[PDB]
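*Asks:* My file is work-v3.cif. It has mmCIF, N, CA and C atoms and all ligand atoms:
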```
data_target
loop_
_atom_site.label_atom_id
_atom_site.label_comp_id
_atom_site.auth_asym_id
_atom_site.auth_seq_id
_atom_site.Cartn_x
_atom_site.Cartn_y
_atom_site.Cartn_z
N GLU A 24 160.08 103.87 82.67
CA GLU A 24 159.52 103.66 84.01
C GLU A 24 159.29 102.18 84.31
N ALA A 25 158.96 101.40 83.27
CA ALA A 25 158.54 100.02 83.46
C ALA A 25 159.71 99.15 83.95
N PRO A 26 159.42 98.00 84.57
CA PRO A 26 160.47 97.01 84.80
C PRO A 26 160.69 96.16 83.56
N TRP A 27 161.89 95.55 83.50
CA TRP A 27 162.37 94.79 82.36
C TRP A 27 162.75 93.38 82.82
N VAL A 28 162.94 92.47 81.86
CA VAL A 28 163.38 91.10 82.13
C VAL A 28 164.51 90.74 81.18
N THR A 29 165.39 89.86 81.64
CA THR A 29 166.40 89.23 80.80
C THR A 29 165.94 87.82 80.45
N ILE A 30 166.01 87.50 79.18
CA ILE A 30 165.56 86.22 78.64
C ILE A 30 166.78 85.51 78.07
N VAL A 31 166.94 84.22 78.38
CA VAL A 31 167.94 83.37 77.75
C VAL A 31 167.23 82.46 76.76
N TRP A 32 167.78 82.37 75.55
CA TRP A 32 167.21 81.61 74.45
C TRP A 32 167.96 80.31 74.25
N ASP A 33 167.23 79.26 73.94
CA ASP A 33 167.87 77.98 73.67
C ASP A 33 168.81 78.06 72.46
N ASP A 34 169.97 77.41 72.57
CA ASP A 34 170.96 77.38 71.50
C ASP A 34 171.45 75.95 71.33
N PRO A 35 171.89 75.57 70.13
CA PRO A 35 172.18 74.15 69.88
C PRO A 35 173.58 73.68 70.27
N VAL A 36 174.39 74.52 70.91
CA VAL A 36 175.79 74.22 71.20
C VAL A 36 176.04 74.06 72.70
N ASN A 37 175.62 75.04 73.51
CA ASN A 37 176.01 75.07 74.92
C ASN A 37 175.49 73.87 75.68
N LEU A 38 176.34 73.34 76.56
CA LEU A 38 175.96 72.22 77.40
C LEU A 38 174.91 72.64 78.42
N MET A 39 173.92 71.74 78.65
CA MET A 39 172.97 71.94 79.74
C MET A 39 173.69 72.18 81.06
N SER A 40 174.77 71.42 81.33
CA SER A 40 175.47 71.59 82.60
C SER A 40 176.13 72.95 82.68
N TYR A 41 176.60 73.46 81.54
CA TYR A 41 177.23 74.76 81.51
C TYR A 41 176.22 75.83 81.82
N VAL A 42 175.01 75.71 81.27
CA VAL A 42 174.01 76.75 81.46
C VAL A 42 173.59 76.83 82.92
N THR A 43 173.36 75.67 83.56
CA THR A 43 173.08 75.65 85.00
C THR A 43 174.20 76.33 85.80
N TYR A 44 175.44 76.00 85.49
CA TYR A 44 176.58 76.61 86.16
C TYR A 44 176.63 78.12 85.95
N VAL A 45 176.40 78.58 84.72
CA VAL A 45 176.47 80.02 84.44
C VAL A 45 175.42 80.77 85.26
N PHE A 46 174.23 80.20 85.41
CA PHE A 46 173.20 80.90 86.17
C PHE A 46 173.58 80.98 87.64
N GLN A 47 174.23 79.94 88.16
CA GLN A 47 174.73 80.02 89.53
C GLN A 47 175.86 81.03 89.65
N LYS A 48 176.79 81.01 88.70
CA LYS A 48 177.97 81.85 88.81
C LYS A 48 177.62 83.32 88.65
N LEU A 49 176.76 83.65 87.69
CA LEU A 49 176.49 85.05 87.36
C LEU A 49 175.45 85.68 88.28
N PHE A 50 174.50 84.90 88.79
CA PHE A 50 173.38 85.41 89.56
C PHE A 50 173.32 84.91 90.99
N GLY A 51 174.22 84.01 91.39
CA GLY A 51 174.16 83.45 92.72
C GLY A 51 172.98 82.54 93.01
N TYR A 52 172.28 82.07 91.98
CA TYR A 52 171.13 81.21 92.19
C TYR A 52 171.57 79.86 92.74
N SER A 53 170.66 79.25 93.48
CA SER A 53 170.88 77.91 94.00
C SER A 53 170.89 76.93 92.83
N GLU A 54 171.39 75.72 93.11
CA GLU A 54 171.38 74.68 92.08
C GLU A 54 169.98 74.31 91.61
N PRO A 55 168.99 74.08 92.48
CA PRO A 55 167.64 73.77 91.96
C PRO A 55 167.04 74.90 91.15
N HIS A 56 167.31 76.13 91.53
CA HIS A 56 166.81 77.28 90.78
C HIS A 56 167.46 77.35 89.41
N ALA A 57 168.79 77.24 89.36
CA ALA A 57 169.52 77.31 88.10
C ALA A 57 169.11 76.19 87.16
N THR A 58 169.00 74.97 87.69
CA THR A 58 168.60 73.84 86.88
C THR A 58 167.18 74.01 86.34
N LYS A 59 166.26 74.50 87.18
CA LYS A 59 164.90 74.78 86.75
C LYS A 59 164.87 75.75 85.57
N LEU A 60 165.65 76.84 85.66
CA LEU A 60 165.68 77.81 84.58
C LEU A 60 166.32 77.24 83.33
N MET A 61 167.42 76.50 83.50
CA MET A 61 168.05 75.82 82.37
C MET A 61 167.04 74.93 81.65
N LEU A 62 166.29 74.14 82.41
CA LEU A 62 165.38 73.20 81.74
C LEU A 62 164.25 73.94 81.04
N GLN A 63 163.82 75.06 81.61
CA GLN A 63 162.81 75.88 80.96
C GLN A 63 163.33 76.42 79.64
N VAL A 64 164.59 76.92 79.63
CA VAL A 64 165.23 77.30 78.38
C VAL A 64 165.19 76.15 77.39
N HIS A 65 165.58 74.96 77.86
CA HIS A 65 165.74 73.87 76.91
C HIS A 65 164.40 73.33 76.44
N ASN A 66 163.38 73.35 77.29
CA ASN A 66 162.10 72.71 76.98
C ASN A 66 161.02 73.65 76.48
N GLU A 67 161.10 74.94 76.78
CA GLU A 67 160.21 75.95 76.22
C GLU A 67 160.86 76.79 75.13
N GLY A 68 162.19 76.72 74.97
CA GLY A 68 162.92 77.51 74.00
C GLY A 68 163.48 78.80 74.56
N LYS A 69 162.97 79.28 75.70
CA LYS A 69 163.43 80.51 76.32
C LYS A 69 162.94 80.54 77.76
N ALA A 70 163.58 81.37 78.58
CA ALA A 70 163.18 81.56 79.96
C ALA A 70 163.57 82.94 80.43
N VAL A 71 162.69 83.59 81.17
CA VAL A 71 163.10 84.76 81.94
C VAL A 71 164.02 84.31 83.06
N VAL A 72 165.21 84.90 83.13
CA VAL A 72 166.21 84.53 84.13
C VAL A 72 166.44 85.60 85.20
N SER A 73 166.02 86.83 84.97
CA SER A 73 166.16 87.89 85.95
C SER A 73 165.21 89.00 85.56
N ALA A 74 165.01 89.93 86.51
CA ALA A 74 164.04 91.00 86.35
C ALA A 74 164.52 92.22 87.13
N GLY A 75 164.20 93.41 86.61
CA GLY A 75 164.62 94.64 87.27
C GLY A 75 164.54 95.84 86.32
N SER A 76 165.27 96.89 86.67
CA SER A 76 165.33 98.07 85.82
C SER A 76 165.99 97.72 84.49
N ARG A 77 165.66 98.52 83.47
CA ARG A 77 166.30 98.40 82.16
C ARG A 77 167.82 98.42 82.26
N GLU A 78 168.37 99.34 83.06
CA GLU A 78 169.82 99.41 83.20
C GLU A 78 170.38 98.16 83.86
N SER A 79 169.69 97.62 84.87
CA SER A 79 170.18 96.40 85.50
C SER A 79 170.12 95.22 84.53
N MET A 80 169.09 95.16 83.68
CA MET A 80 169.01 94.05 82.73
C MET A 80 170.06 94.17 81.65
N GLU A 81 170.45 95.40 81.28
CA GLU A 81 171.55 95.59 80.34
C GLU A 81 172.82 94.91 80.84
N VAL A 82 173.09 94.98 82.14
CA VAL A 82 174.28 94.32 82.69
C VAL A 82 174.13 92.80 82.63
N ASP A 83 172.95 92.27 82.98
CA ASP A 83 172.75 90.82 82.94
C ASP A 83 172.92 90.27 81.53
N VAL A 84 172.42 90.99 80.53
CA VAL A 84 172.60 90.58 79.14
C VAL A 84 174.07 90.54 78.79
N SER A 85 174.81 91.60 79.16
CA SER A 85 176.23 91.66 78.86
C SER A 85 176.99 90.52 79.53
N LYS A 86 176.66 90.23 80.79
CA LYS A 86 177.33 89.15 81.51
C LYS A 86 177.05 87.82 80.85
N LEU A 87 175.80 87.61 80.40
CA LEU A 87 175.43 86.34 79.78
C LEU A 87 176.08 86.19 78.41
N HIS A 88 176.15 87.28 77.63
CA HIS A 88 176.85 87.24 76.35
C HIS A 88 178.32 86.86 76.52
N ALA A 89 178.98 87.40 77.55
CA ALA A 89 180.39 87.07 77.75
C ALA A 89 180.58 85.60 78.08
N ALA A 90 179.60 85.01 78.76
CA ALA A 90 179.56 83.57 79.01
C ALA A 90 179.20 82.75 77.77
N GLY A 91 178.79 83.38 76.67
CA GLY A 91 178.43 82.67 75.46
C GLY A 91 176.99 82.23 75.33
N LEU A 92 176.09 82.76 76.15
CA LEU A 92 174.67 82.42 76.12
C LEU A 92 173.89 83.45 75.31
N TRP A 93 172.78 83.01 74.72
CA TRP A 93 171.96 83.91 73.91
C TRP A 93 170.98 84.61 74.83
N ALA A 94 171.27 85.87 75.16
CA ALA A 94 170.44 86.66 76.06
C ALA A 94 169.93 87.92 75.39
N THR A 95 168.68 88.26 75.68
CA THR A 95 168.10 89.54 75.29
C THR A 95 167.36 90.10 76.48
N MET A 96 166.93 91.35 76.33
CA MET A 96 166.09 91.99 77.34
C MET A 96 164.88 92.62 76.68
N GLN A 97 163.81 92.73 77.47
CA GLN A 97 162.60 93.37 76.98
C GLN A 97 161.79 93.86 78.16
N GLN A 98 160.91 94.80 77.87
CA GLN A 98 160.06 95.34 78.91
C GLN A 98 159.09 94.27 79.40
N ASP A 99 158.82 94.29 80.70
CA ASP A 99 157.92 93.34 81.35
C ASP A 99 156.55 93.98 81.39
N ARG A 100 155.57 93.31 80.80
CA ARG A 100 154.23 93.87 80.62
C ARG A 100 153.20 93.25 81.55
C1 LIG B 201 170.29 74.58 77.86
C2 LIG B 201 170.56 74.40 76.39
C3 LIG B 201 171.43 75.54 75.83
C4 LIG B 201 171.11 73.01 76.04
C5 LIG B 201 171.40 72.70 74.57
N1 LIG B 201 170.26 73.04 73.69
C6 LIG B 201 171.79 71.23 74.39
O1 LIG B 201 170.99 70.44 73.91
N2 LIG B 201 173.02 70.88 74.76
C7 LIG B 201 173.58 69.53 74.52
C8 LIG B 201 173.94 68.82 75.81
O2 LIG B 201 174.07 69.44 76.86
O3 LIG B 201 174.14 67.60 75.79
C9 LIG B 201 174.85 69.60 73.65
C10 LIG B 201 174.50 70.06 72.26
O4 LIG B 201 175.79 70.51 74.24
MG MG B 202 156.12 89.33 81.97
NI NI B 203 169.33 71.18 73.15
#
```
Now, as a test, write the supplied structure out as structure tokens.

*Replies:*
Amino acid sequence: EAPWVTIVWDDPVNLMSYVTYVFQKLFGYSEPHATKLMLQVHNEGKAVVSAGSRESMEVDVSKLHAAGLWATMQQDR
């Protein structure tokens, strides 16, 4: 019943510019939004990047994995 979130985890390989681009490409986010989330990943170690049903977050995780980003999902409490 609960809503879920997709989290992207910091990784030591992917370019900062790539991560900003992926968030725009996969989610349609604006450049300031994508950059903000990228920097949160890089400076906090992780960031919630999207939110919704468990099934919707399963798709976001799969899309992010195909892009090569470290994504997981968990219930939002
Ligand atoms: C947003 C995260 C994944 C950035 C990386 N931790 C990072 O430091 N990337 C570097 C960079 O963009 O210069 C190199 C390692 O790709
Ligand atoms: Mg929460
Ligand atoms: Ni880094």

*Asks:* Given 4 Å on each side, where is the centre and what are the edge lengths in Å to one decimal of the axis-aligned box enclosing the listed atoms of ligand LIG 201 (chain B), as lines of an AutoDock Vina configuration file?

*Replies:*
```
center_x = 173.0
center_y = 71.6
center_z = 75.1
size_x = 13.5
size_y = 15.9
size_z = 13.6
```

*Asks:* Quick one: residues within 8 Å of range 83-96 of chain A, only C-alpha atoms, excluding same-chain residues fewer than 2 positions away - as an mmCIF file with N, CA and C atoms, in the frame of the given file?

*Replies:*
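What landed in around-v2.cif:
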```cif
data_model
loop_
_atom_site.group_PDB
_atom_site.id
_atom_site.type_symbol
_atom_site.label_atom_id
_atom_site.label_comp_id
_atom_site.auth_asym_id
_atom_site.auth_seq_id
_atom_site.Cartn_x
_atom_site.Cartn_y
_atom_site.Cartn_z
ATOM 1 N N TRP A 27 161.890 95.550 83.500
ATOM 2 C CA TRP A 27 162.370 94.790 82.360
ATOM 3 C C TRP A 27 162.750 93.380 82.820
ATOM 4 N N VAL A 28 162.940 92.470 81.860
ATOM 5 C CA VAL A 28 163.380 91.100 82.130
ATOM 6 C C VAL A 28 164.510 90.740 81.180
ATOM 7 N N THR A 29 165.390 89.860 81.640
ATOM 8 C CA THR A 29 166.400 89.230 80.800
ATOM 9 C C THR A 29 165.940 87.820 80.450
ATOM 10 N N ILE A 30 166.010 87.500 79.180
ATOM 11 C CA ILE A 30 165.560 86.220 78.640
ATOM 12 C C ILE A 30 166.780 85.510 78.070
ATOM 13 N N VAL A 31 166.940 84.220 78.380
ATOM 14 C CA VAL A 31 167.940 83.370 77.750
ATOM 15 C C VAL A 31 167.230 82.460 76.760
ATOM 16 N N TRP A 32 167.780 82.370 75.550
ATOM 17 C CA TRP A 32 167.210 81.610 74.450
ATOM 18 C C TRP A 32 167.960 80.310 74.250
ATOM 19 N N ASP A 33 167.230 79.260 73.940
ATOM 20 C CA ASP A 33 167.870 77.980 73.670
ATOM 21 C C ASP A 33 168.810 78.060 72.460
ATOM 22 N N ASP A 34 169.970 77.410 72.570
ATOM 23 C CA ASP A 34 170.960 77.380 71.500
ATOM 24 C C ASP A 34 171.450 75.950 71.330
ATOM 25 N N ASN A 37 175.620 75.040 73.510
ATOM 26 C CA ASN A 37 176.010 75.070 74.920
ATOM 27 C C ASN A 37 175.490 73.870 75.680
ATOM 28 N N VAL A 42 175.010 75.710 81.270
ATOM 29 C CA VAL A 42 174.010 76.750 81.460
ATOM 30 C C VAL A 42 173.590 76.830 82.920
ATOM 31 N N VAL A 45 176.400 78.580 84.720
ATOM 32 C CA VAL A 45 176.470 80.020 84.440
ATOM 33 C C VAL A 45 175.420 80.770 85.260
ATOM 34 N N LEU A 49 176.760 83.650 87.690
ATOM 35 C CA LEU A 49 176.490 85.050 87.360
ATOM 36 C C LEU A 49 175.450 85.680 88.280
ATOM 37 N N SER A 73 166.020 86.830 84.970
ATOM 38 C CA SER A 73 166.160 87.890 85.950
ATOM 39 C C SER A 73 165.210 89.000 85.560
ATOM 40 N N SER A 79 169.690 97.620 84.870
ATOM 41 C CA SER A 79 170.180 96.400 85.500
ATOM 42 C C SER A 79 170.120 95.220 84.530
ATOM 43 N N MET A 80 169.090 95.160 83.680
ATOM 44 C CA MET A 80 169.010 94.050 82.730
ATOM 45 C C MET A 80 170.060 94.170 81.650
ATOM 46 N N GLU A 81 170.450 95.400 81.280
ATOM 47 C CA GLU A 81 171.550 95.590 80.340
ATOM 48 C C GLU A 81 172.820 94.910 80.840
ATOM 49 N N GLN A 98 160.910 94.800 77.870
ATOM 50 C CA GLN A 98 160.060 95.340 78.910
ATOM 51 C C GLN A 98 159.090 94.270 79.400
#
```

*Asks:* Just the alpha helix (DSSP H) stuff from chain A, please, per backbone DSSP, written as a ChimeraX atom specification.

*Replies:* /A:39-50,54-67,77-89

*Asks:* Taking N, CA and C atoms for each residue, export the selection above as a compact mmCIF listing (two decimals), in the frame of the given file.

*Replies:*
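Result saved to again19.txt:
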```
# COMPACT_ATOMS: atom_id res chain seq x y z
N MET A 39 173.92 71.74 78.65
CA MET A 39 172.97 71.94 79.74
C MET A 39 173.69 72.18 81.06
N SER A 40 174.77 71.42 81.33
CA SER A 40 175.47 71.59 82.60
C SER A 40 176.13 72.95 82.68
N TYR A 41 176.60 73.46 81.54
CA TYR A 41 177.23 74.76 81.51
C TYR A 41 176.22 75.83 81.82
N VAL A 42 175.01 75.71 81.27
CA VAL A 42 174.01 76.75 81.46
C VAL A 42 173.59 76.83 82.92
N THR A 43 173.36 75.67 83.56
CA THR A 43 173.08 75.65 85.00
C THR A 43 174.20 76.33 85.80
N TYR A 44 175.44 76.00 85.49
CA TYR A 44 176.58 76.61 86.16
C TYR A 44 176.63 78.12 85.95
N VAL A 45 176.40 78.58 84.72
CA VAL A 45 176.47 80.02 84.44
C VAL A 45 175.42 80.77 85.26
N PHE A 46 174.23 80.20 85.41
CA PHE A 46 173.20 80.90 86.17
C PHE A 46 173.58 80.98 87.64
N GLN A 47 174.23 79.94 88.16
CA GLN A 47 174.73 80.02 89.53
C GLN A 47 175.86 81.03 89.65
N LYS A 48 176.79 81.01 88.70
CA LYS A 48 177.97 81.85 88.81
C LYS A 48 177.62 83.32 88.65
N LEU A 49 176.76 83.65 87.69
CA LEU A 49 176.49 85.05 87.36
C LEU A 49 175.45 85.68 88.28
N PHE A 50 174.50 84.90 88.79
CA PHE A 50 173.38 85.41 89.56
C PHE A 50 173.32 84.91 90.99
N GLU A 54 171.39 75.72 93.11
CA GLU A 54 171.38 74.68 92.08
C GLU A 54 169.98 74.31 91.61
N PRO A 55 168.99 74.08 92.48
CA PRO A 55 167.64 73.77 91.96
C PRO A 55 167.04 74.90 91.15
N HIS A 56 167.31 76.13 91.53
CA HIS A 56 166.81 77.28 90.78
C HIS A 56 167.46 77.35 89.41
N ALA A 57 168.79 77.24 89.36
CA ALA A 57 169.52 77.31 88.10
C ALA A 57 169.11 76.19 87.16
N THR A 58 169.00 74.97 87.69
CA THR A 58 168.60 73.84 86.88
C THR A 58 167.18 74.01 86.34
N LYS A 59 166.26 74.50 87.18
CA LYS A 59 164.90 74.78 86.75
C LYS A 59 164.87 75.75 85.57
N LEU A 60 165.65 76.84 85.66
CA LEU A 60 165.68 77.81 84.58
C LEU A 60 166.32 77.24 83.33
N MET A 61 167.42 76.50 83.50
CA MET A 61 168.05 75.82 82.37
C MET A 61 167.04 74.93 81.65
N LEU A 62 166.29 74.14 82.41
CA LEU A 62 165.38 73.20 81.74
C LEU A 62 164.25 73.94 81.04
N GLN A 63 163.82 75.06 81.61
CA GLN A 63 162.81 75.88 80.96
C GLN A 63 163.33 76.42 79.64
N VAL A 64 164.59 76.92 79.63
CA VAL A 64 165.23 77.30 78.38
C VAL A 64 165.19 76.15 77.39
N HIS A 65 165.58 74.96 77.86
CA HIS A 65 165.74 73.87 76.91
C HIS A 65 164.40 73.33 76.44
N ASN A 66 163.38 73.35 77.29
CA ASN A 66 162.10 72.71 76.98
C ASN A 66 161.02 73.65 76.48
N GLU A 67 161.10 74.94 76.78
CA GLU A 67 160.21 75.95 76.22
C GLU A 67 160.86 76.79 75.13
N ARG A 77 165.66 98.52 83.47
CA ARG A 77 166.30 98.40 82.16
C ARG A 77 167.82 98.42 82.26
N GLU A 78 168.37 99.34 83.06
CA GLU A 78 169.82 99.41 83.20
C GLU A 78 170.38 98.16 83.86
N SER A 79 169.69 97.62 84.87
CA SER A 79 170.18 96.40 85.50
C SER A 79 170.12 95.22 84.53
N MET A 80 169.09 95.16 83.68
CA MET A 80 169.01 94.05 82.73
C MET A 80 170.06 94.17 81.65
N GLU A 81 170.45 95.40 81.28
CA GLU A 81 171.55 95.59 80.34
C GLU A 81 172.82 94.91 80.84
N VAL A 82 173.09 94.98 82.14
CA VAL A 82 174.28 94.32 82.69
C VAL A 82 174.13 92.80 82.63
N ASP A 83 172.95 92.27 82.98
CA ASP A 83 172.75 90.82 82.94
C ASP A 83 172.92 90.27 81.53
N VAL A 84 172.42 90.99 80.53
CA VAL A 84 172.60 90.58 79.14
C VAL A 84 174.07 90.54 78.79
N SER A 85 174.81 91.60 79.16
CA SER A 85 176.23 91.66 78.86
C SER A 85 176.99 90.52 79.53
N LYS A 86 176.66 90.23 80.79
CA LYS A 86 177.33 89.15 81.51
C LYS A 86 177.05 87.82 80.85
N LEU A 87 175.80 87.61 80.40
CA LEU A 87 175.43 86.34 79.78
C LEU A 87 176.08 86.19 78.41
N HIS A 88 176.15 87.28 77.63
CA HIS A 88 176.85 87.24 76.35
C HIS A 88 178.32 86.86 76.52
N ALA A 89 178.98 87.40 77.55
CA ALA A 89 180.39 87.07 77.75
C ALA A 89 180.58 85.60 78.08
```

*Asks:* Rank nothing, just name the residue among A:74, A:38, A:64, A:25 nearest to residue 50 in chain A, using only C-alpha atoms.

*Replies:*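 Closest candidate: A:74.
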
*Asks:* Kindly give the distance, in Å, that separates atom N of residue 54 in chain A and CA of residue 40 in chain A, rounded to a single decimal.

*Replies:* 12.0 Å

*Asks:* In Å to one decimal, how far is atom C3 of ligand LIG 201 (chain B) from atom N of residue 36 in chain A?

*Replies:*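 We find that atom N of residue 36 in chain A and atom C3 of ligand LIG 201 (chain B) lie 5.8 Å from each other.
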
*Asks:* Among chain A, which residues does DSSP mark as strand (DSSP E) when it is run on the backbone? Keep the chain and numbering as in the structure and answer as an MDAnalysis selection string.

*Replies:* chainID A and resid 27:32 69:75 93:98

*Asks:* In Å, rounded to a single decimal, give me how far atom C7 of ligand LIG 201 (chain B) is from atom N of residue 71 in chain A.

*Replies:*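 Computing the Euclidean distance for atom N of residue 71 in chain A and atom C7 of ligand LIG 201 (chain B) yields 19.0 Å.
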
*Asks:* I'd like the contact shell of residue 39 in chain A - 9 Å cut-off, only C-alpha atoms, skipping same-chain residues fewer than 3 positions apart - returned as a list in words.

*Replies:* residues 42, 43, 44, 58, 61, 62 and 65 of chain A

*Asks:* Choose the residue, out of A:24, A:60, A:35, A:75, that has the smallest atom-to-atom separation from ligand NI 203 (chain B); count all atoms listed in the file.

*Replies:*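 Result for the nearest residue to ligand NI 203 (chain B): A:35.
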